[PDB]
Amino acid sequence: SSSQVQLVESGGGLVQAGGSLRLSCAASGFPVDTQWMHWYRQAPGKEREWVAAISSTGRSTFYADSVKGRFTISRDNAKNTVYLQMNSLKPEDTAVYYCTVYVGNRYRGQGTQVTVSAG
């Protein structure tokens, strides 16, 4: 299964409010331009929140209403990677961020942590 599809996130860490952070989701086992891909985040204790989505062709992008205008999802087909550009961060954006895809089955990354400080 991990020898079928792998999603590997990276780029997280800690940053102060109003800052920037650019996550990467590197895909292996399938061409990234053949599938819709989504970003989820999960704070501890609470439920998972669908963050953003990008279409197979990359001509469509969708965002949750709680991060529109600030977050941008993009894709590089040569590197086989989905990105999540995060601007104007707020302390409520604090969660572990992972990407997900469905290629015959459900695959999911291990997630990178984003922790936003107040002030």
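Residue numbers here begin at 1 and follow the sequence given.
Mean CA temperature factor is higher for 110-118 when stretches 3-11 and 110-118 are set side by side in the entry. Relative to one another, 52-60 and 86-94 have unequal mean CA B-factors, and 86-94 is the one with the higher figure. For the set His38, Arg41, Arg75, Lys46, the PDB entry puts the maximum C-alpha B factor at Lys46. Per-chain ranking of the deposited C-alpha B factor places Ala17 in the highest third. Among the modelled residues of its chain, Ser66 has a C-alpha B-factor that falls in the highest third according to the deposited record.
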